[PDB]
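The structure appears right after this line, and notes come after that.
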Amino acid sequence: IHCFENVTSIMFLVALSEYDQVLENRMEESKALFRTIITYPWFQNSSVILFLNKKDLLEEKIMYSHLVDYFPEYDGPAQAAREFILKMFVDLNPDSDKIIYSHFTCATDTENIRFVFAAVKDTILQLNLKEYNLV
(Lines of atoms letter the chains of each structure in order from A and count residues from 1; the text may use other names and numbers.)
(Lines give C-alpha, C1' and ligand atoms only; values in the text may rest on other atoms or scores of the structure.)
Protein backbone atom coordinates (compact mmCIF):
# COMPACT_ATOMS: atom_id res chain seq x y z
CA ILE A 1 0.00 0.00 0.00
CA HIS A 2 3.17 2.12 0.17
CA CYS A 3 2.41 3.87 -3.12
CA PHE A 4 3.84 7.25 -4.11
CA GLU A 5 4.87 8.33 -7.60
CA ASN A 6 7.75 10.71 -6.97
CA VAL A 7 10.24 9.68 -4.30
CA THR A 8 13.42 11.79 -4.78
CA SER A 9 14.65 10.89 -1.25
CA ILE A 10 14.75 7.72 0.85
CA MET A 11 17.08 7.14 3.81
CA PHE A 12 18.31 3.71 4.88
CA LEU A 13 21.23 3.34 7.26
CA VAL A 14 24.20 1.37 5.94
CA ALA A 15 26.33 0.38 8.91
CA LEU A 16 30.04 1.03 8.51
CA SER A 17 31.80 -1.36 10.89
CA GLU A 18 29.65 -4.49 10.56
CA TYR A 19 31.81 -6.36 8.06
CA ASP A 20 32.95 -9.48 9.92
CA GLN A 21 29.93 -11.56 11.01
CA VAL A 22 28.83 -14.19 8.47
CA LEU A 23 29.21 -17.92 7.84
CA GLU A 24 29.07 -15.46 3.76
CA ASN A 25 30.65 -11.97 3.79
CA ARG A 26 27.53 -10.21 5.05
CA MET A 27 28.79 -6.73 4.14
CA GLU A 28 29.17 -7.88 0.54
CA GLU A 29 25.66 -9.33 0.81
CA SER A 30 24.38 -5.91 1.93
CA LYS A 31 26.26 -4.20 -0.91
CA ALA A 32 24.81 -6.75 -3.36
CA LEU A 33 21.27 -6.10 -2.11
CA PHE A 34 22.13 -2.43 -2.59
CA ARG A 35 21.81 -3.10 -6.35
CA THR A 36 18.13 -4.08 -6.40
CA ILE A 37 17.07 -0.77 -4.80
CA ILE A 38 18.69 2.29 -6.40
CA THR A 39 18.46 0.93 -9.96
CA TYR A 40 14.83 -0.22 -9.68
CA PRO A 41 12.12 0.99 -12.16
CA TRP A 42 9.86 3.12 -9.93
CA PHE A 43 12.62 3.76 -7.42
CA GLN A 44 14.33 5.64 -10.26
CA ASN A 45 14.44 9.22 -9.04
CA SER A 46 16.73 12.23 -8.74
CA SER A 47 19.02 10.96 -5.98
CA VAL A 48 19.27 8.81 -2.88
CA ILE A 49 21.13 9.73 0.30
CA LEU A 50 22.82 7.04 2.40
CA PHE A 51 23.85 7.47 6.03
CA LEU A 52 26.91 5.63 7.37
CA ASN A 53 27.08 5.86 11.16
CA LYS A 54 29.30 4.12 13.77
CA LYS A 55 32.39 5.82 12.35
CA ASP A 56 34.05 5.68 15.78
CA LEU A 57 33.90 1.87 15.53
CA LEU A 58 36.74 2.10 12.98
CA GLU A 59 39.90 2.24 15.10
CA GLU A 60 38.34 -0.33 17.46
CA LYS A 61 37.59 -2.75 14.61
CA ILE A 62 40.44 -2.25 12.10
CA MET A 63 43.35 -3.42 14.29
CA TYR A 64 42.55 -7.03 15.20
CA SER A 65 40.40 -7.44 12.07
CA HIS A 66 41.97 -5.83 9.01
CA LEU A 67 39.80 -4.87 6.04
CA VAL A 68 41.24 -7.57 3.75
CA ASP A 69 39.98 -10.37 5.99
CA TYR A 70 36.87 -10.79 3.81
CA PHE A 71 37.25 -8.19 1.03
CA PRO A 72 40.16 -9.12 -1.30
CA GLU A 73 40.10 -5.72 -3.04
CA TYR A 74 41.41 -3.05 -0.62
CA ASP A 75 44.94 -2.02 -1.60
CA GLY A 76 45.43 1.43 -0.08
CA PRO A 77 48.58 2.63 1.66
CA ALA A 78 42.30 4.05 9.14
CA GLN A 79 39.85 6.17 7.12
CA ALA A 80 40.81 4.24 3.97
CA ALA A 81 38.50 1.45 5.16
CA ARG A 82 35.42 3.67 5.30
CA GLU A 83 36.50 5.39 2.08
CA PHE A 84 36.72 1.96 0.45
CA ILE A 85 33.26 1.04 1.80
CA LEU A 86 31.99 4.30 0.29
CA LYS A 87 33.73 3.61 -3.03
CA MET A 88 32.40 0.05 -3.18
CA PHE A 89 28.91 1.41 -2.44
CA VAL A 90 29.10 4.29 -4.95
CA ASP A 91 30.55 2.17 -7.79
CA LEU A 92 27.26 0.24 -7.97
CA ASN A 93 24.95 2.43 -10.08
CA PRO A 94 26.02 2.19 -13.76
CA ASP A 95 24.47 5.56 -14.64
CA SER A 96 25.05 9.21 -13.74
CA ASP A 97 21.30 9.86 -13.60
CA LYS A 98 21.49 9.42 -9.80
CA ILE A 99 24.24 11.46 -8.18
CA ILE A 100 24.96 9.94 -4.76
CA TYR A 101 25.28 12.18 -1.71
CA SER A 102 27.20 10.41 1.05
CA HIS A 103 27.04 11.51 4.68
CA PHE A 104 29.20 10.12 7.49
CA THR A 105 27.24 10.69 10.70
CA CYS A 106 29.79 10.56 13.51
CA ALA A 107 29.09 10.06 17.21
CA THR A 108 30.12 13.62 18.22
CA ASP A 109 27.23 14.98 16.14
CA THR A 110 24.51 15.73 18.68
CA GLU A 111 26.01 18.57 20.76
CA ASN A 112 27.86 21.60 19.39
CA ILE A 113 28.85 23.88 22.23
CA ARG A 114 32.21 24.05 20.38
CA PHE A 115 32.49 20.25 20.74
CA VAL A 116 33.28 19.29 17.15
CA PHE A 117 35.20 22.56 17.10
CA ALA A 118 37.15 21.25 20.11
CA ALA A 119 38.09 18.12 18.16
CA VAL A 120 39.14 20.40 15.30
CA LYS A 121 41.16 22.41 17.82
CA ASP A 122 42.95 19.27 19.02
CA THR A 123 43.53 18.29 15.39
CA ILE A 124 45.05 21.71 14.66
CA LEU A 125 47.16 21.20 17.78
CA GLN A 126 48.48 17.88 16.44
CA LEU A 127 48.82 19.12 12.84
CA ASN A 128 50.67 22.16 14.16
CA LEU A 129 52.89 19.92 16.26
CA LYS A 130 53.72 17.67 13.29
CA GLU A 131 54.82 20.69 11.26
CA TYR A 132 57.76 20.97 13.66
CA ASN A 133 60.88 18.86 13.35
CA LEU A 134 64.16 18.21 15.13
CA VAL A 135 66.03 21.27 13.87
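Mind the numbering: the sequence shown is residues 217 to 239, 245 to 298, 302 to 359 in full-length UniProt numbering, read in order.
For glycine and all other residues, C-beta sits at the position ideal for the given N, C-alpha and C.
Could you spell out the range, first to last residue, of the alpha helix (DSSP H) harbouring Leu-353? The residue given as residue 353 occupies position 129 in the sequence shown. Its alpha helix (DSSP H) spans residues 339-353.
Just tell me which of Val-223, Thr-347, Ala-343, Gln-237 has its CA closest to the CA of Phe-292. Against the sequence shown, residue 292 aligns to sequence position 71. When each option's Cα is compared against that of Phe-292, the closest is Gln-237.
For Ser-326, list the residues DSSP reports as bridge partners. Looking up residue 326 in the sequence shown gives position 102. Bridge partners of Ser-326: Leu-271.
First through last residue of the alpha helix (DSSP H) which encompasses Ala-331: Sequence index remark: in the sequence shown, residue 331 carries index 107 (1-based). Unbroken run through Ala-331: none, as it is neither H nor E.
Alpha carbon to alpha carbon, what distance is there between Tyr-235 and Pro-298? As a position in the sequence shown, residue 298 is number 77, starting the count at 1. As a position in the sequence shown, residue 235 is number 19, starting the count at 1. If I take the Cα positions, the gap works out to 20 angstroms.
Given a threshold of 16 other Cβ atoms within 10 Å of its Cβ, counted over all protein chains shown, does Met-248 qualify as buried or as exposed? Translated into positions along the sequence shown, residue 248 becomes position 27. With 16 or more Cβ atoms within 10 Å of its Cβ, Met-248 is classed as buried.
Host alpha helix (DSSP H) of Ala-253 (start-end): Along the sequence shown, read from residue 1 onward, the residue named residue 253 stands at position 32. That run of the alpha helix (DSSP H) goes 247-254.
Thinking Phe-264 and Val-223 are a contact (beta carbons under 8 angstroms), I'd like their distance in whole angstroms, please. Locating residue 264 in the sequence shown gives position 43, where the first residue counts as 1. Locating residue 223 in the sequence shown gives position 7, where the first residue counts as 1. Confirmed, Cβ separation roughly 6 angstroms.
Does the distance from the CB of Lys-322 to the CB of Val-269 come in under 8 angstroms? Here residue 322 refers to the residue found at position 98 when the sequence shown is read from its first residue. Here residue 269 refers to the residue found at position 48 when the sequence shown is read from its first residue. Yes, the pair counts as a contact, with Cβ atoms nearer than the cut-off.
CB of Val-340 within 8 angstroms of CB of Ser-326, strictly: For this step, residue 340 is matched to residue 116 along the sequence shown. For this step, residue 326 is matched to residue 102 along the sequence shown. Their beta carbons are not under 8 angstroms apart, which means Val-340 does not touch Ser-326 by this criterion.
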